[PDB]
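The chain contents come next:
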Amino acid sequence: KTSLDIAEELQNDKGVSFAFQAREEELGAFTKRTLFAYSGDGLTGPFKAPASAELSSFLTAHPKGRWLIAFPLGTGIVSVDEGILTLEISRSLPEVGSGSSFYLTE
Amino acid sequence: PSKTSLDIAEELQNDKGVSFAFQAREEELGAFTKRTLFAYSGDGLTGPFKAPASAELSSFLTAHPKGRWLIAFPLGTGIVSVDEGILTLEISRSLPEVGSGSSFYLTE
Amino acid sequence: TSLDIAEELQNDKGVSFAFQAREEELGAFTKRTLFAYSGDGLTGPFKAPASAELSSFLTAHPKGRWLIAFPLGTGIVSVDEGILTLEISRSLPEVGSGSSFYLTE
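Residues numbered from 1 in each chain as written, not as in the entry; some residues may be left out. Chains lettered and ligands numbered in written order. Heavy atoms only, no water.

Method of determination, as given in the entry header: X-ray crystallography; reported resolution: 1.70 Å.

Shown next as C-alpha cells:
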C-alpha cells in the first residue's frame, strides 16, 4: 500500500526552514505520489535549499516535472535541479503554513 | 491492521481529451468514518468536465450528505456531482491547470 | 499505526463541525494533522467545547494555533480552557473541508 514515506527538514541560506514529506502509495493499477510541505516562516521570495538525493528523485518523477501546491495564503511550484529544491511563490507570504500536492498515474 | 476500508481509483476522460484521475477512500476512525475524494488533472478546464464514472465511484459520490463535493484546487474551486453514472465537475473560474485537491466529510 | 481523535462539536447556534486529529510517526519526524469538516455556513467565529484529548492535541502546535485553508476562505483554530475557537478570514456561506498539519523532528 504505502511503499515510500520519507521526511526531511530543508533550510535556505537565510534560515527559513521547511519540512517536506514524500509519500508513495499503490492503489491497484494506480500509483499516487504526494508531496507534503510545512513552514512556520514567511517568504518574501523563492525558497531554495539543498534536498536529499532521494527527495530529489521523487520530485523529478512528476509528469509535469514540478509540483503545483496550494498553501493557505498563496500558491507555489516546487521543482528540483541538481539536488537544489526551489519553491517559487505567487505572492509574498507572511506565513507559509501547510499544503500538499499529489498526482495519480496508472 | 489498516483503518482504510475502501480505496479505489479510476481515470476519466471527456470528449475533448481532458483527463482526470479520481480516488475514493473510506477510513474507519472508531465512532466516525471519513470519506475522501481525491482529484488530479494536469489539464486546463475551460468549462465543466463530464465523463462516465464506474458504478462504484458513482455510489461513493452519491453518498455525500450535500449530494455533491465542494473541492479546492490551487487556482479555483469545483463541485463534483454524479447523475446516472456521469460525473460532472463544475469550476468557479476557468483554470489554466487544475492540479490536485481533495474533499472529505466525516460522519458518525 | 496512525493515532486518531475524532469528534463532532456544535456551537450555541446549531452549526456543527467534525474534527479528526491524526498523529503519525515518520522516523525522527512526527506529523500532526487536523482535519475539519462542516456543511454549514459561518458569519463569525465558531466556538464550542472540545474534548480534553482534542484540546491537548491542538495545544501541541508550535504556533499555538492551526492556520487552515477551506475552499472559500482561511481559518485559525485555537483552544483555550477546553473551548475550541475557529476564526475565519471572511464569512463562509459553506465551510466545506480542509486540513492543517505540521511536521517536526
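On we go from here.
Chemist: Go over the overall build of chain C with me, naming the residues and quoting the values.
Modeler: Looking only at helices and strands, chain C features 1 helix and 8 strands. Reading chain C from its N terminus to its C terminus gives the helix and strand order β-β-β-β-α-β-β-β-β. For a compact globule of 105 residues, the expected C-alpha radius of gyration is about 13 Å, and chain C comes in at 13 Å, within 12% of that figure. With respect to the three principal axes, the spread of C-alpha positions in chain C is 40 × 25 × 25 Å. In chain C, which comprises 105 residues, the share counted as buried stands at 54%. Within chain C, residue pairs in contact and separated by at least 24 positions form 58% of the contacts whose partners lie at least 6 positions apart. By element, 48% of the accessible surface of chain C is carried by carbon and sulfur atoms, the whole surface being about 4,500 Å². Side chains of chain C give 8 positive and 14 negative charges; the mean places of these two sets differ by 8 Å. (Helix = DSSP H or I, 4+ residues; strand = E, 2+ residues; numbered from the N terminus. Rg over C-alpha atoms; globule rule 2.2 N^0.38 Å. Buried < 20%, exposed > 50% of the residue type's maximum accessible area, 1.4 Å probe, protein only. Contact = heavy atoms within 4.5 Å. Areas by Shrake-Rupley, 256 points an atom, 1.4 Å probe, with all protein chains shown as cover. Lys, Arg positive; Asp, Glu negative; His and termini not counted. Charge placed at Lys NZ, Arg CZ, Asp CG, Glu CD.)

Chemist: Tell me about the pattern of salt bridges, and please be specific about residues and values.
Modeler: What the rule picks out here adds up to 13 salt bridges over all chains. Salt-bridge contacts for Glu-24 of chain C lead to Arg-23 of chain A; the nearest nitrogen and oxygen are separated by 2.8 Å. Here the residue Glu-24 of chain C occupies a position in strand β2 (residues 16–26), and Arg-23 of chain A occupies one in strand β2 (residues 17–27), the pair thus bridging two chains. The pair formed by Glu-24 of chain C and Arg-23 of chain A is uniform in burial state, with each residue classed as buried. In this structure, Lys-3 of chain B engages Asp-4 of chain C in a salt bridge whose closest nitrogen and oxygen atoms are separated by 2.7 Å. On the criterion of chain membership, the pair formed by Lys-3 of chain B in the segment before β1 (4–13) and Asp-4 of chain C in strand β1 (residues 3–10) is interchain, its members lying in two chains. For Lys-3 of chain B, a relative accessible area of 28% corresponds to the partly exposed category. For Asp-4 of chain C, a relative accessible area of 23% puts it in the partly exposed group. Residues participating in the shared-partner salt-bridge network are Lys-3 and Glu-27 of chain B together with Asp-4 and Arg-22 of chain C. (Salt bridge = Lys/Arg side-chain N within 4 Å of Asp/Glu carboxyl O.)

Chemist: How would you sum up the pairing of strand β7 (residues 83–88) of chain C? Please name residues and give values.
Modeler: All names here are of chain C. Pairing geometry for strand β4 (residues 46–49) and β7, over 4 bridges, is antiparallel. Among the inter-strand pairings, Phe-46 is bridged to a residue of β7, identified as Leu-86. Pairing geometry for strand β6 (residues 73–80) and β7, over 6 bridges, is antiparallel. The residue bridging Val-77 from the neighbouring strand is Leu-86, located in β7. In textbook terms, the turn of a hairpin is the stretch between consecutive antiparallel strands, and for β6 and β7 this stretch comprises 2 residues, one of which, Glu-81, has a positive phi near 50°. (Pairing = 2+ DSSP bridges.)

Chemist: Pulling in residues and values, what's your account of the interface of chain C and chain A?
Modeler: Taken together, the contact pairs 17 residues of chain C with 18 residues of chain A. When chain C packs against chain A, close to 1,400 Å² is buried across both sides, 61% of that on carbon and sulfur atoms. Interface area lost by chain C to chain A is led by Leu-67, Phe-101 and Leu-103 of chain C, which between them contribute 39%. Here chain C is connected to chain A by 2 salt bridges. A salt bridge links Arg-65 of chain C to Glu-95 of chain A; the nearest nitrogen and oxygen atoms lie 2.7 Å apart. The tally of links from chain C across to chain A stands at 5 residue pairs in polar contact. Listed by contribution, the elements that provide at least two residues to the side of chain C that touches chain A are β2, β3 (29–38), β5 (66–70) and β8 (96–104) of chain C. Of the residues in the side of chain C that touches chain A, the class split is 8 nonpolar, 4 polar and 5 charged. (Buried area = accessible area lost by both parts, 1.4 Å probe. Polar contact = N/O pair within 3.5 Å; in protein donor to acceptor, adjacent residues only side chain to side chain. Nonpolar A, V, L, I, M, F, W, Y, C, P; charged D, E, K, R; others polar.)

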